[PDB]
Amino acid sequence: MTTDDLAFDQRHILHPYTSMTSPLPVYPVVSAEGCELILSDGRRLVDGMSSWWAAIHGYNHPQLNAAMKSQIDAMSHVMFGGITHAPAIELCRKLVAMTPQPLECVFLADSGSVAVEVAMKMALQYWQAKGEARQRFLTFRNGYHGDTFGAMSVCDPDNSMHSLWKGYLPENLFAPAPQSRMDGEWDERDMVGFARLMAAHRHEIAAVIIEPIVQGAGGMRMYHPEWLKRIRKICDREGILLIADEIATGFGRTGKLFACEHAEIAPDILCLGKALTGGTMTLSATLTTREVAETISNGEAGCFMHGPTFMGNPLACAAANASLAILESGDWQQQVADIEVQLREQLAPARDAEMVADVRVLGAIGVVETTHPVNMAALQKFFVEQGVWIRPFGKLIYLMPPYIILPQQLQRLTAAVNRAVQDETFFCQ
């Protein structure tokens, strides 16, 4: 990589949610292995992010690599219209067996946002087949479900700047963000907002959609499992579908295989992404019940009206199957449990730092919320100089390391977070 290559990237290549006229520095990565990212200049960094949740087995994993290359030798891709193949069947078998019993019908797709769109369309088509005028979604504030139009319509309106699209996006129902903590006690006052909305709009709600236990991109919030139990039963009593968006929480990150297990509930529709392929490449899956899948097919259309070009991509399914096979050992349970204790113990000191507002840990997720916004360019430089890849945002300095991280590597990450928050050097902007 040359400096001319880096100038071209700055001038011509958009990156996720960041200015093109005032872009901040991007670091050139040439390769990755184990729990490390290797920069163009040779500097090695301990990855604290799993490339945003997904790389739960780290990088260049022997089993994922071997399965991907083996699938390339068979066929990287073939269409799924009128065709089926082993990678898709194996993957769907595994997804059906590892999720709650009622979830036995799988719609594979290309990204998390598309999986959410699929879920929302299944809820809308479901009710249309039943002859009921249900088109509204009840969700929580601080929620994040993706960047496409449908997904955006259930994302937090303030966080996502819905004023930009006011009049274009459909207006859904937003209950207050859950207050009771995963760490703490249950507070029944938490339910009043949700109850009031359900009471007023019960007859037009197609589905409730939430991120179970952890609200990721909307605030790295960790709430009490009683909420899901309460929501499930309200949905059961009212006849409303429950959509659980586990695109960030799925595949053991919160300490359980699926975060819905924390409440011992099953949704009607389940969305999965990120970590599904072990963070090797994009893929997603939307699982639903037979009741939903057949009801839609019996309606006017005669089928569920969705079908992406690369649906069922053999290469991504073979990578996902290898990733799930590693999880079948159950080793992730102990790894995640160990990461959780180390994050609790090592981020605990940060509660006394003057820049820190809160410290919360769940599974392989460790969050240090600050009182003021971080200075993105300065703090990112600091982390890179400490030999760590930690990508902060707003007032959140968080870690979600690969499950294979070593204790020495995890300690370098926590040491860096604590050092970052000791004074105001890297704060505001």
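A residue's number is simply how far along the shown sequence it sits, counting from 1.
In this entry, the higher average B-factor at the C-alpha atoms falls on 156-164, of the pair 156-164 and 98-106. Here 16-24 and 412-420 are compared by their mean Cα B-factor, and 16-24 comes out higher.
Out of 306, 229, 145, 256, the entry records its largest CA B-factor for 229. Highest C-alpha temperature factor among 246, 90, 117, 236, as the PDB entry reports it: 236. When the modelled residues of the chain are ordered by their C-alpha B factor, residue 288 lands in the lowest third. Ranked against the other modelled residues of its chain, the C-alpha B-factor of residue 128 as given in the entry falls in the middle third. Sort the chain's modelled residues by C-alpha temperature factor and residue 362 lands in the middle third, per the entry. Residue-level temperature factors show residue 62 in the highest third of its chain, judged at the C-alpha atom. Per the deposited record, the Cα B-factor of residue 268 falls in the lowest third when ranked against the other modelled residues of its chain.
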